[PDB]
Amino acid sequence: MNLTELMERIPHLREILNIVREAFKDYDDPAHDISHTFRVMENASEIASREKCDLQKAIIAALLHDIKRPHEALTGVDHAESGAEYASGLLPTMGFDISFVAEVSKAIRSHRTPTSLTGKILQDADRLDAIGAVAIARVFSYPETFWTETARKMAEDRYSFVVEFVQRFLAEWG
């Protein structure tokens, strides 16, 4: 799904994306910048769709999970705790119900085990970002551990691509 499609399915998505962009304004650590959050949300979208789980919870949790990363860089306050508290304050103002907000907040709180489906999907989505083509590109610019079967398959696929990349690099280097 593209963003237009996500915005058709997820309430307040545009405003949440906006808030996330604003939070990350001038936080450019390539290891933790905003593009990571967008890739995590793409991974969460794939996983939740294929697992037949709650997409709204998964997407929102992914968008918000590192929203307090810049704040941690300034203060040393743990971003998972801070991000969970932030989600609990923000989300009720957008009409999300108590159980929805509690699940999203707990997922963020647990992301660095998680106990909910949203938390498991979030953690998988986050950790998948350490592997693949973009991860390879980042290194140069500077699978059984996953909860869900969909993430495990994605991890296997990305890992096998990374292995091939290394093998080729070494074979070509001589």
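The first residue of the sequence shown is number 1, and the count goes up from there.
Please classify the unmodelled stretch of the deposited sequence between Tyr142 and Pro143: none, 1 to 3, 4 to 9, or 10 or more residues. Missing residues, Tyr142 to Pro143: 10 or more.
Answer with none, 1 to 3, 4 to 9, or 10 or more: how many deposited residues between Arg112 and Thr113 are not present in the coordinates. Going from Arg112 to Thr113, the model skips 4 to 9 residues of the deposited sequence.
Averaged over C-alpha atoms, is the B-factor higher for 27-35 or for 42-50 in this PDB entry? In the deposited entry, the stretch with the higher C-alpha B-factor mean is 27-35.
With reference to the PDB entry, specify whether the mean Cα temperature factor is higher for 12-20 or for 162-170. So the stretch with the higher mean C-alpha B-factor is 162-170.
Can you pull the Cα B-factors for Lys106, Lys120, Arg138, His65 from the entry and say which is highest? In the PDB entry, the greatest C-alpha B-factor among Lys106, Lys120, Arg138, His65 is found at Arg138.
Based on the entry's values, in what third of the chain does the Cα temperature factor of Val134 lie: lowest, middle or highest? Ranked within chain, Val134 CA B lands in the middle tercile.
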